[PDB]
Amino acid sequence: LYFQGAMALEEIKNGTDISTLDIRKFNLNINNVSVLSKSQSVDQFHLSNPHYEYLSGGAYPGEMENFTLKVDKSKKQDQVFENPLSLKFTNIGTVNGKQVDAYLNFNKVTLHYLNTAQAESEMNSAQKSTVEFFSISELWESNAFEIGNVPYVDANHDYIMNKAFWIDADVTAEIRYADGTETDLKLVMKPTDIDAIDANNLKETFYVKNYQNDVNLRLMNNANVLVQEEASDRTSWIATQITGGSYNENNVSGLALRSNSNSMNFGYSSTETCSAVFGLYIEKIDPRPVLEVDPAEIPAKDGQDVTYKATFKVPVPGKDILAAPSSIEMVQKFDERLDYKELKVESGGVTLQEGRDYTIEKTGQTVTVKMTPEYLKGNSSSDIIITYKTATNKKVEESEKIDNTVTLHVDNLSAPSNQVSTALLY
């Protein structure tokens, strides 16, 4: 059942329109990327309005940072490039008041020799020297990077081989709070347009390593026609049909993945000539919970009432978050100098009931409200308001202020409220 899957990977296929999600796409571009390290195998260069695939090919407007791999032209056989490229995107957004950075590490890129005349010919030509694997641009989508073996070229960079090798890129993306605090963000990727199949039946493939342990939720639209291949070390999604237009690229040949963590070790393998475009995302809990405290200041002494009111906005399934919540919890932790007394929970002008609508777990100063499966089934959209009654205790006079924050949990997602404080007088 939907509400008793603790730990279990949750896979969903439903009518949600993946092309119209309202999730947050992080800012990733040629202007906030830096190369933390790259091996000498990597040929990196800037292009402006590059040509697609061939020099005589169409030219597309935009700045791009392009990355290729120098191959050993004598080895007409698979070539492996360990850790060729490690990237940081500095300040991809502000979330919950904190700067977030992205890390993108190419763990390995393997070039699989195509064993054709065309491949041998590129290998033997004196003008070709590198193979395409990665680029950063907004030619296709905003805030995106591109993995694939389709060359981008201009008059001075026409050395990239065509259809000599297909590529398999093993990549780890991670999002991280710059300030060093624990990153509670759950990375989301949304591969789309996984639809290329070449003359030789190679198929465009997106994959996730350690899928079963690393992914929290996987969303498909009813129209999905990818083949999901579950193997020991990974799960892959394999092209089966051409798809055009954002709706089809998203729903027919696409999917959404929410990680168990701030990172995901994914992969991508091309055909003799294809590529895919990617952003990094998170779901939205916006607004954050709104926390209030009455009063703003008290006499520093035992038995003084302090009351917290927390207003929780519930994310909208299929817009802010990928799907209806399996669980919603609100976690409060009171300053040592406070004794918890009791709480009430309200929604839609009505006073919800402990037992029917929510339960309460207390462990020391930590008090958690858990909404029941019965409440969640009602798919209510209205704010949940929790009012916590506490009173100072005999420890108040031991920080000349008592601070409070409450945290909303939706599945494995969380968002902290604003912090409030009550001044201690004397």
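Residue indices: 1-based, along the sequence shown.
Trainee: Look over 21 to 29 and 5 to 13 in the entry and identify the one with the greater average Cα temperature factor.
Mentor: In the deposited entry, the stretch with the higher C-alpha B-factor mean is 5 to 13.
Trainee: Which of the two stretches, 131 to 139 or 258 to 266, shows the higher mean Cα temperature factor in the record?
Mentor: For C-alpha atoms only, the mean B-factor is higher in 131 to 139.
Trainee: Which is it among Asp170, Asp154, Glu146, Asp320: the one with the largest CA B-factor in the entry?
Mentor: Each of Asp170, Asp154, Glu146, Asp320 was compared by C-alpha B-factor; the highest is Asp154.
Trainee: Could you tell me which one of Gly244, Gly93, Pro299, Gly180 shows the highest CA temperature factor in the PDB record?
Mentor: Reading the PDB entry, the winner on C-alpha B-factor is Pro299.
Trainee: What third of the chain does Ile402 rank in for C-alpha temperature factor, lowest, middle or highest?
Mentor: Ranked within chain, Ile402 CA B lands in the highest tercile.
Trainee: Per the entry's values, where does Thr351 land by CA temperature factor relative to the rest of its chain, in the lowest, middle or highest third?
Mentor: Answer is highest: the recorded C-alpha B-factor places it there.
Trainee: Divide the modelled residues of the chain into thirds by Cα B-factor and specify which third, lowest, middle or highest, holds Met64.
Mentor: It falls in the middle third of the chain.
Trainee: Which third of the chain does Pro325 land in by C-alpha B-factor: lowest, middle or highest?
Mentor: Middle third - that is where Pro325 ends up once the chain's C-alpha B-factors are sorted.
Trainee: For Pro295, does the deposited CA B-factor place it in the lowest, middle or highest third of the chain?
Mentor: It belongs to the highest third of the chain when residues are ordered by C-alpha B-factor.
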